[PDB]
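> coords please:
(chains A, B, C, D, E, F and G)
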Amino acid sequence: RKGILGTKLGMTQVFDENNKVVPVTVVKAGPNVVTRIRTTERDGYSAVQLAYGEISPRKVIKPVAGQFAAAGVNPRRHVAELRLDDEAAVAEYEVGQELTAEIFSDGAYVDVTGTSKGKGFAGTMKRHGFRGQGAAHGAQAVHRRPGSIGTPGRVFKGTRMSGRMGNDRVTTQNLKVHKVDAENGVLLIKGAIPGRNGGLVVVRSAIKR
Amino acid sequence: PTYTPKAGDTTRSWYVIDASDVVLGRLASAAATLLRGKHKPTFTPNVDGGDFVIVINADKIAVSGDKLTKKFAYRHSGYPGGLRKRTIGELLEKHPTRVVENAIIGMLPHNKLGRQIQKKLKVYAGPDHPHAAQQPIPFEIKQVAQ
Amino acid sequence: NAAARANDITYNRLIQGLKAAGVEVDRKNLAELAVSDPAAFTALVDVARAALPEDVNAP
Amino acid sequence: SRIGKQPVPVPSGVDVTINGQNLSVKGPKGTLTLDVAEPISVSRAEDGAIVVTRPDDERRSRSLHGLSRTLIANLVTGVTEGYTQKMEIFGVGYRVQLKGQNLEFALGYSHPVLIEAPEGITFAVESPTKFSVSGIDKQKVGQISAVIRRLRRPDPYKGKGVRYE
RNA sequence: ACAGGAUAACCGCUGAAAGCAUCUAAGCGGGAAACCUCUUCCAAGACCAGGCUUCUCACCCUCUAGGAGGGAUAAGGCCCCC
RNA sequence: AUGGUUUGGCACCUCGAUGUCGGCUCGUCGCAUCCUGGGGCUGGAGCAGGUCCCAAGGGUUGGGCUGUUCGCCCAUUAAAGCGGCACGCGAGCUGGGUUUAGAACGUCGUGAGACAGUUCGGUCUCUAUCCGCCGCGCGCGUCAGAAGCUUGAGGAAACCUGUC
RNA sequence: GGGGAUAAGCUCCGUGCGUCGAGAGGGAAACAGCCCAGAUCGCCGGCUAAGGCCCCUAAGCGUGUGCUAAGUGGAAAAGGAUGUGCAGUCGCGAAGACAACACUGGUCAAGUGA
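Numbering: from 1, shown residues only, chains lettered A, B, ... in the order given. The relevant structure is shown in the block below.
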């Protein structure tokens, strides 16, 4: 399973060779530098840690700067881990190695992971798709409230009631990569990927396809 | 009046119990008695003057009957339909130590003092333990003949 | 009971042996002996052992 | 019970090793290993045989005694000459042949049917209609024979499919 | 979803008690949207309060020198601000 | 023989108050399974059924008439399951029915009036203390103070299906 | 004993019957009416009742002889059923019994049937 860190730029329109339209989301799969190797003999699990983003050296605090110096690379803004399956899979990464966009190929299926947009304090109508009550025929101030809550006289756990919504990590599966522009380090992914423009995303080879 | 332990009176010793081919209930009761401090003449229900207990070869333990595949360990998450059950077989092959831990914990009091006593029980599926530094005394389950 | 099992005898057999031996010390002072002076308790255990029948399960 | 009391003869040319209850036998056809139940011990009788000695007469042991005897007999006869199962087809258009180590049939399904040959068995096909499998262990041979038998639902009407001799 | 594991009804293999037989009491296999994994998410207040690292890694005063109390700092954080 | 899902019987519980039917909104559980899944014998040729075991993961439509549940019907569908939970749910909603006072018809009564007969109309109150539940913080703890990246015991979500 | 469907935690009578009412204490997990036992007060003394003695929980992972494989113990019927222990019978049988290869003959080798 390959992987890379990127940034959501926006969505646009392209046409394939059958003249059909493809709505594509542009992701800046920028250069990532491998900072640490997680090994079973040391950490108990095999994983690779990638750094992304450009940040001023005067902005990083001392612990982070020390970690990056121990790695041997200049600091970056964002750090994340890719969990592999076994040592044979992680043997192909070594610290300081640079990953760019061309690890993916045209037509590949990818898994983009991002943080959903925030929606604030949301009612059950919006948070859970509850059907409302009547807007007329005598309904009294119940046009949007959940209604019943339903022996022990107890509201069971998991009640789908109102609350804060959004701002959760979301994975969209089996997205097709329409084009891999190597010059700009840009992936053209058919479909809509989570989060707002300028947010961090993780692009991974699909686990299913 | 009756003797009462003071601040510095309690002394602890470490026993290591080999659970290979030992009846689960028997070992659980012996370890519970050891943890409670019932074997000491200075015993007092108020104080946890027990001893630290190490149990090795937890996976080799003996279960009679057909309880290996017919006795269930239950737990409820609290959500509706959150009841999960595992027989002693899969519990043993997945978390070997949990069977002995549950058995021993069920046989000692359910107060806060029981919670403090639980801290003095260490069980391990392997034939060895990392507590060699304390020099535990090997302990064998005998019966006082009357 | 704890102190008697420390001397390889059960509490009930110890009490029966003490009764047969005729010693008239009660449980309060028996516990006092067990906690304070283990030597006296061991001696009492021996005298109770002597006072017991040879086959306790005999009719 | 009755069968168990009779020691099973051991041919001279086949090596028998006894390690408590773990019994291993090296024969001309190959080697097979058997584990005996704990209420019964087996000792190789010096006269070229093994002794199935049951020391108790409670239901478990008395039932296990003859079973252990016949299991040992099966093991020795399977390591000495092996075991052979003969098979065939009835009907028309049903073709069977061996493709290397793996067996391919065309029973009439829209897809070709393949069977994987496990260890210890081998497939013989001297005719498309009739063929055979042979091995050193009777249990495995029977299991694979039944598996290949399963390739068609039973036909009480025409009897088209496969049946033993 | 795919794939794996243990199974239900069921189909079986190898066979005793019960000289034969018996999918069975010893065993070994197949077998479902159910079960365990697998997918997504939360999760160390998981009191057994985890792990891999990286940074600071030092200066006073008081009571009585047993411990405590107070002050000033580092890495860092918060408040104020946009 | 089971069950307390149907009418019952008792009057143990409340008259210094335990909302009475349907409907809406939102559930949760059982399996005595409607579809989908695995089976077996067929008085099963194939198709398709009949009947029966396992199986509760998901799903189980929109309208006409009636206050209705029930029920009949109209179109579909893979299917249009049966039940428990104060015959779930009015400090969540409705007030069409029932169940005050107005009025009329039929019948009973000399009459005032009456009818588990009908007909039209007819106030549904409350700022959430505690438990519960959905979210969000503050404090302290995790044996010096901090900061990155994480393992996961343990939980939650999802699980449908047709035509060609 | 009657009424009711010999159903009710139904209802109505009899009882030198009991308990609660008006009764604590111990036991039955909790438990007015069941079992033990009637509290004058104090004791950091002893023996017992019912009930109990692996751990929770005081006292026995007591001793001896047998039984149970069902977690029976630790809920229930009509009925069904090559489970097993004991005892009692009968049928057949070394003239070779049963099985195996309706009733008869040969191999075989002790028990075989209800």
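
> Leaving aside the residues adjacent along the chain, what's closest to residue B:135?
Using CB to CB, 6 or more residues apart in numbering or on different chains and skipping the chain neighbours, the partner closest in space to residue B:135 is residue B:14 (7.2 Å). Every residue, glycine included, has its C-beta placed from N, CA and C.

> Can you show me the helices along chain A?
Applying DSSP state H to chain A gives helices spanning A:40-43, A:62-71, A:87-90, A:124-127.

> residues from chain B in reach of chain A?
In this structure, chain B approaches chain A at residues B:78-80, judged by CB under 8 Å from any CB of the partner chain.

> and residue D:39, what element?
In the assignment (DSSP states H and E), residue D:39 maps to no helix and no strand.

> Run a quick check on it versus residue D:53, I expect a contact.
No - Residue D:39 is not in contact with residue D:53 according to CB atoms under 8 Å; the separation is 10.4 Å.

> And the residue nearest the centre of chain B?
residue B:104 (3.6 Å; CA atoms, centre = their mean).

> Check whether the helix or strand harbouring that residue comes near RNA strand E.
Here residue B:104, judged by DSSP H and E, is contained in helix B:96-106. Yes - for helix B:96-106, a contact with RNA strand E is found by CB under 7 Å from any atom of the strand, at residue B:101.

> Am I right that residue C:48 is in a helix?
Yes - with DSSP: H, G, I helix; E, B strand; the rest coil as the criterion, residue C:48 is part of a helix.

> related to what we said a few turns ago, would you mind confirming that the residue nearest to the centre of chain B is in contact with residue B:30?
No - here residue B:104 does not reach residue B:30: they are 9.5 Å apart, not a contact under CB under 8 Å.

> Which residue ranges of chain B form strands?
Taking DSSP state E, the strands of chain B run over residues B:14-18, B:52-56, B:72-76, B:83-87, B:121-123, B:137-138.

> Using TSV, lay out the ones you listed together with distance to residue D:131 and mean neighbour count.
Output for these, formatted as TSV (distance: least, CB to CB, whole Å; neighbours: other CB atoms under 10 Å in any protein chain shown):
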stretch	distance to residue D:131	mean neighbour count
strand B:14-18	56	19
strand B:52-56	56	22
strand B:72-76	49	11
strand B:83-87	44	12
strand B:121-123	57	20
strand B:137-138	64	9
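
> mind checking which of the ones you listed is nearest residue A:152?
Closest to residue A:152 of those, according to CB to CB: strand B:72-76, at 13.9 Å.

> which outside residues touch the closest one?
Identification of contacts with strand B:72-76 by CB atoms under 8 Å, 6 or more residues apart in numbering or on different chains yields B:82-88, B:91, B:98-99, B:102.

> Specify which member of these is nearest to chain C.
Chain C has its nearest neighbour among the contacts of strand B:72-76 in residue B:102, at 26.8 Å by CB to the nearest CB.

> excluding its backbone neighbours, what's nearest the closest one?
residue B:73 is the one closest to residue B:102 (CB to CB, 6+ apart), at 6.8 Å.

> thinking again about what came up before, TSV for the strands of chain B, including distance to residue A:149?
Formatted as TSV, those follow (distance: least, CB to CB, whole Å):
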stretch	distance to residue A:149
strand B:14-18	52
strand B:52-56	47
strand B:72-76	21
strand B:83-87	23
strand B:121-123	43
strand B:137-138	59
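
> Please give me every residue in contact with the spatially most central residue of chain C.
What sits nearest the mean C-alpha location of chain C, by CA atoms, centre = their mean, is residue C:14, with 3.5 Å. Residue C:14 makes contacts with C:4, C:45, C:48, as judged by CB under 8 Å, 6+ apart.

> do the same with residue B:103
Residues in contact with residue B:103 (CB under 8 Å, 6+ apart) are B:24-25, B:28.

> One more pass at 10 Å, please.
Residue B:103 makes contact with B:24-25, B:27-29, B:31-32, B:61 under the criterion CB atoms under 10 Å, 6 or more residues apart in numbering or on different chains.

> top strand in chain D by residue count?
Of all segments of type strand in chain D, defined using DSSP E, the longest is strand D:83-90.

> Okay, angle between the helix or strand just after that strand and strand D:83-90 too, please.
Going down the chain from strand D:83-90, the next helix or strand is strand D:95-99, by DSSP H and E. Strand D:95-99 and strand D:83-90 are oriented at 140 degrees to each other (axes from the mean of the first three to the mean of the last three CA atoms, to 10 degrees).

> What residues sit buried inside the helix or strand just after strand D:95-99?
Beyond strand D:95-99 in the direction of the C-terminus, DSSP H and E gives the next helix or strand as strand D:102-106. Of all the residues in strand D:102-106, those buried under the rule 16 or more other CB atoms under 10 Å in any protein chain shown are D:103, D:105.

> Would you mind listing the outside residues contacting strand D:102-106?
Under the contact criterion CB under 10 Å, 6+ apart, strand D:102-106 has outside partners D:89, D:93-98, D:112-117, D:123, D:125, D:128, D:131, D:133, D:144, D:148, D:151-152, D:162.

> what are the pairing partners of it, and which direction each?
As defined by DSSP bridges, the strand partners of strand D:102-106 come to strand D:95-99 (antiparallel), strand D:113-115 (antiparallel).

> Return the list of helices and strands in contact with the next helix or strand after the last one.
I take that to be strand D:113-115. Going down the chain from strand D:113-115, the next helix or strand is strand D:121-124, by DSSP H and E. Strand D:121-124 is packed against strand D:83-90, strand D:95-99, strand D:130-135, helix D:138-149, with contacts defined by 3 or more CB pairs under 10 Å, 6 or more residues apart in numbering or on different chains; DSSP states H and E.

> Need the winner for burial among these.
Among those, judged by mean count of other CB atoms under 10 Å in any protein chain shown, the one packed with the most neighbours on average is strand D:130-135 (a mean of 19).

> does that one come close to RNA strand E?
No - in terms of CB under 7 Å from any atom of the strand, no part of strand D:130-135 sits within range of RNA strand E; the closest distance is 10.4 Å.

> Widest-spaced pair of the contacts of residue B:103?
The largest separation in these, counting by CB to CB, is between B:32 and B:61 at 15.2 Å.

> OK, contacts around the closest residue to residue A:209 other than its chain neighbours?
Nearest residue to residue A:209 in three dimensions, chain neighbours excluded: residue A:109, at 4.0 Å (CB to CB, 6+ apart). Applying CB under 10 Å, 6+ apart to residue A:109 gives the contacts A:173-177, A:205-209.

> Which of the residues you listed fall within strands?
Of those, the ones assigned to strands by DSSP E are A:173-177, A:205.

> May I ask which two of those residues are separated the most?
Farthest pair in the ones in strands among the contacts of residue A:109, by CB to CB: A:173 and A:177, 13.4 Å.

> shared neighbours of the two, which are they?
By CB under 10 Å, 6+ apart, the residues touching both residue A:173 and residue A:177 are A:109-110.

> The two: who's more crowded?
When residue A:173 and residue A:177 are compared for neighbours, residue A:177 comes out ahead with 21 against 13, by other CB atoms under 10 Å in any protein chain shown.

> Tell me how many other residues surround residue D:76.
If you count neighbours by other CB under 10 Å, residue D:76 ends up with 22.

> mind checking which helix or strand it is in?
Following DSSP H and E, one finds residue D:76 within helix D:59-80.

> Give me the buried subset of the contacts of residue B:103.
Neighbour-count burial within these applies to B:24, B:27-29, B:31-32, B:61; the criterion is 16+ other CB under 10 Å.

> Enumerate every residue touching residue 44.
Let's take chain A. Applying CB under 10 Å, 6+ apart to residue A:44 gives the contacts residue A:38.

> Please refer instead to chain D.
Counted by CB under 10 Å, 6+ apart, residue D:44 has contacts D:7, D:10, D:16-18, D:23, D:50-51.
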